[PDB]
Structures are given as C-alpha cells and as structure tokens.
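See below for upload.pdb, which holds PDB, C-alpha atoms.
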```pdb
ATOM      1  CA  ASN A   1      -8.679-138.916 126.867  1.00  0.00           C
ATOM      2  CA  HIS A   2      -6.642-135.677 127.064  1.00  0.00           C
ATOM      3  CA  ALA A   3      -8.580-134.126 124.133  1.00  0.00           C
ATOM      4  CA  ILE A   4     -11.939-135.043 125.784  1.00  0.00           C
ATOM      5  CA  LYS A   5     -10.775-133.447 129.091  1.00  0.00           C
ATOM      6  CA  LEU A   6      -9.639-130.214 127.329  1.00  0.00           C
ATOM      7  CA  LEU A   7     -12.976-130.026 125.417  1.00  0.00           C
ATOM      8  CA  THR A   8     -14.879-130.461 128.717  1.00  0.00           C
ATOM      9  CA  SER A   9     -12.904-127.641 130.392  1.00  0.00           C
ATOM     10  CA  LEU A  10     -13.338-125.214 127.435  1.00  0.00           C
ATOM     11  CA  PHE A  11     -17.132-125.903 127.095  1.00  0.00           C
ATOM     12  CA  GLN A  12     -17.533-125.478 130.889  1.00  0.00           C
ATOM     13  CA  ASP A  13     -15.839-122.031 130.675  1.00  0.00           C
ATOM     14  CA  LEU A  14     -18.123-121.253 127.675  1.00  0.00           C
ATOM     15  CA  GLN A  15     -21.085-122.057 130.004  1.00  0.00           C
ATOM     16  CA  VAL A  16     -19.617-119.855 132.807  1.00  0.00           C
ATOM     17  CA  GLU A  17     -19.676-117.166 130.038  1.00  0.00           C
ATOM     18  CA  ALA A  18     -23.284-117.756 128.794  1.00  0.00           C
ATOM     19  CA  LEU A  19     -24.706-117.255 132.323  1.00  0.00           C
ATOM     20  CA  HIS A  20     -28.526-117.395 131.808  1.00  0.00           C
ATOM     21  CA  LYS A  21     -27.814-118.087 128.087  1.00  0.00           C
ATOM     22  CA  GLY A  22     -25.703-114.872 127.969  1.00  0.00           C
ATOM     23  CA  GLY A  23     -16.754-113.212 115.953  1.00  0.00           C
ATOM     24  CA  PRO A  24     -14.133-114.981 113.750  1.00  0.00           C
ATOM     25  CA  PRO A  25     -12.659-118.348 114.953  1.00  0.00           C
ATOM     26  CA  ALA A  26      -9.975-118.047 117.692  1.00  0.00           C
ATOM     27  CA  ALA A  27      -6.479-117.577 116.168  1.00  0.00           C
ATOM     28  CA  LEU A  28      -3.920-120.337 116.948  1.00  0.00           C
ATOM     29  CA  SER A  29      -1.839-118.244 119.433  1.00  0.00           C
ATOM     30  CA  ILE A  30      -1.186-118.213 123.241  1.00  0.00           C
ATOM     31  CA  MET A  31      -1.958-114.435 123.267  1.00  0.00           C
ATOM     32  CA  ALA A  32      -4.925-114.832 120.838  1.00  0.00           C
ATOM     33  CA  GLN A  33      -7.502-113.659 123.443  1.00  0.00           C
ATOM     34  CA  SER A  34     -11.040-114.317 122.058  1.00  0.00           C
ATOM     35  CA  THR A  35     -14.604-115.147 123.211  1.00  0.00           C
ATOM     36  CA  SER A  36     -15.064-118.655 124.671  1.00  0.00           C
ATOM     37  CA  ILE A  37     -17.605-119.160 121.811  1.00  0.00           C
ATOM     38  CA  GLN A  38     -14.878-118.255 119.231  1.00  0.00           C
ATOM     39  CA  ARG A  39     -12.457-120.797 120.827  1.00  0.00           C
ATOM     40  CA  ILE A  40     -15.096-123.592 120.504  1.00  0.00           C
ATOM     41  CA  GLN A  41     -15.875-122.210 116.996  1.00  0.00           C
ATOM     42  CA  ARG A  42     -12.180-122.744 116.033  1.00  0.00           C
ATOM     43  CA  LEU A  43     -12.289-126.396 117.265  1.00  0.00           C
ATOM     44  CA  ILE A  44     -15.589-127.021 115.362  1.00  0.00           C
ATOM     45  CA  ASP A  45     -14.143-125.329 112.211  1.00  0.00           C
ATOM     46  CA  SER A  46     -10.899-127.386 112.450  1.00  0.00           C
ATOM     47  CA  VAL A  47     -12.537-130.846 112.966  1.00  0.00           C
ATOM     48  CA  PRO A  48     -16.184-132.062 112.900  1.00  0.00           C
ATOM     49  CA  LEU A  49     -16.421-132.039 116.719  1.00  0.00           C
ATOM     50  CA  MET A  50     -19.617-134.043 117.507  1.00  0.00           C
ATOM     51  CA  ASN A  51     -18.840-136.522 114.659  1.00  0.00           C
TER      52      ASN A  51
ATOM     53  CA  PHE P   1     -31.429-135.351 136.008  1.00  0.00           C
ATOM     54  CA  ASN P   2     -27.867-136.372 136.015  1.00  0.00           C
ATOM     55  CA  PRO P   3     -26.226-137.237 139.270  1.00  0.00           C
ATOM     56  CA  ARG P   4     -22.860-136.285 137.799  1.00  0.00           C
ATOM     57  CA  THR P   5     -21.519-137.331 141.186  1.00  0.00           C
ATOM     58  CA  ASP P   6     -24.240-145.748 152.978  1.00  0.00           C
ATOM     59  CA  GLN P   7     -22.519-143.322 155.355  1.00  0.00           C
ATOM     60  CA  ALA P   8     -21.135-141.090 152.596  1.00  0.00           C
ATOM     61  CA  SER P   9     -24.298-141.363 150.511  1.00  0.00           C
ATOM     62  CA  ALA P  10     -25.919-138.581 152.518  1.00  0.00           C
ATOM     63  CA  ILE P  11     -22.928-136.379 151.789  1.00  0.00           C
ATOM     64  CA  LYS P  12     -23.303-137.127 148.098  1.00  0.00           C
ATOM     65  CA  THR P  13     -26.980-136.257 148.322  1.00  0.00           C
ATOM     66  CA  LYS P  14     -26.080-132.985 150.002  1.00  0.00           C
ATOM     67  CA  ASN P  15     -23.453-132.341 147.348  1.00  0.00           C
ATOM     68  CA  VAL P  16     -26.001-132.944 144.618  1.00  0.00           C
ATOM     69  CA  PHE P  17     -28.436-130.635 146.365  1.00  0.00           C
ATOM     70  CA  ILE P  18     -25.755-127.980 146.703  1.00  0.00           C
ATOM     71  CA  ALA P  19     -24.829-128.187 143.032  1.00  0.00           C
ATOM     72  CA  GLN P  20     -28.486-127.937 142.075  1.00  0.00           C
ATOM     73  CA  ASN P  21     -28.884-124.768 144.118  1.00  0.00           C
ATOM     74  CA  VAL P  22     -25.794-123.246 142.547  1.00  0.00           C
ATOM     75  CA  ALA P  23     -27.028-124.140 139.082  1.00  0.00           C
ATOM     76  CA  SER P  24     -30.425-122.595 139.731  1.00  0.00           C
ATOM     77  CA  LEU P  25     -28.773-119.441 141.023  1.00  0.00           C
ATOM     78  CA  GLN P  26     -26.699-119.135 137.863  1.00  0.00           C
ATOM     79  CA  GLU P  27     -29.749-119.814 135.715  1.00  0.00           C
ATOM     80  CA  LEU P  28     -31.498-117.005 137.544  1.00  0.00           C
ATOM     81  CA  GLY P  29     -28.357-114.911 137.243  1.00  0.00           C
ATOM     82  CA  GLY P  30     -28.824-114.371 140.953  1.00  0.00           C
ATOM     83  CA  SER P  31     -25.079-114.114 141.446  1.00  0.00           C
ATOM     84  CA  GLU P  32     -25.074-110.861 139.489  1.00  0.00           C
ATOM     85  CA  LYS P  33     -28.176-109.740 141.349  1.00  0.00           C
TER      86      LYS P  33
END
```

Could you render the structure as structure tokens?
Amino acid sequence: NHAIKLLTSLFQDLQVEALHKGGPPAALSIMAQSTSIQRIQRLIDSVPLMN
Amino acid sequence: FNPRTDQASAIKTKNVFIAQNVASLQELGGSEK
C-alpha cells in the first residue's frame, strides 16, 4: 500500500511537470535533486515497475 | 471518463466538473498563459 501511494504521488508530480506533455537515473540521495522523469526512471531501472 | 471521485451527489458532480475544467486548463497550458 505505502509503495503504491508513493508511486502515485511521484507520477502525479511528474504530470505537474509535463504540463501539456512538457538524464541519468536519480541518484539514491536526499539532496540528489533531479528531473521528476529521472526519479521515475530510477524506480523503473531498479524494479520492473508495471510488472 | 473516470469519476475518480443524493444531497451530496450534486456537490460531487460540481467537484468533477471543477476538476475537468482544471485539467483542460492545464492541457491548454492556460495557467502559464
């Protein structure tokens, strides 16, 4: 449940970013500022997300 | 369409309508405009 909620929040911020449909994976750090796309990219790279 | 959430039903309808308007605005990028 918690993982699903976090995914929802991150993808929703990614959508706030791609307003009107508009890098390397986000580093694993609190100060690792990156694009919302890169954050989702890190999650996808780490684990098959949809699967 | 996805709702994505009888006296309060009208309020829900209004809420849905409101969300739709906001979405359209963002799609149009009207906020930036």

The centre and edge lengths of an axis-aligned box containing all atoms of region 17-32 of chain P present in the file, extended by 6 Å on each side, are to be given in Å to one decimal, as lines of an AutoDock Vina configuration file.
```
center_x = -28.2
center_y = -120.7
center_z = 141.2
size_x = 18.7
size_y = 31.8
size_z = 23.0
```

Taking the file above as input, evaluate the PyMOL selection byres ((chain A and resi 22-29) around 9) and report the hits as a PyMOL selection string. chain A and resi 15+17-21+30-43+45

Quick check on the file I pasted: which residues fall under the ChimeraX specification (/A :<12) & /P? Write them as a list in words.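 Residues picked by the ChimeraX specification (/A :<12) & /P: residues 22, 23, 24, 25, 26, 27, 28, 29, 30, 31 and 32 of chain P.
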
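The two atoms in question, CA of residue 4 (chain P) and CA of residue 4 (chain A), are spaced 16.3 Å apart.
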
Any idea what the distance is between CA of residue 20 (chain P) and CA of residue 13 (chain A)?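 Atom-to-atom, CA of residue 20 (chain P) and CA of residue 13 (chain A) are spaced 18.0 Å apart.
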
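Relative to CA of residue 14 (chain P), CA of residue 1 (chain P) is found at 15.2 Å.
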
Could you give me, as a PyMOL selection string, the residues within 10 Å of residue 5 (chain P), counting all atoms listed in the file and dropping anything in the same chain fewer than 4 positions from it? chain P and resi 12-13+15-16+19
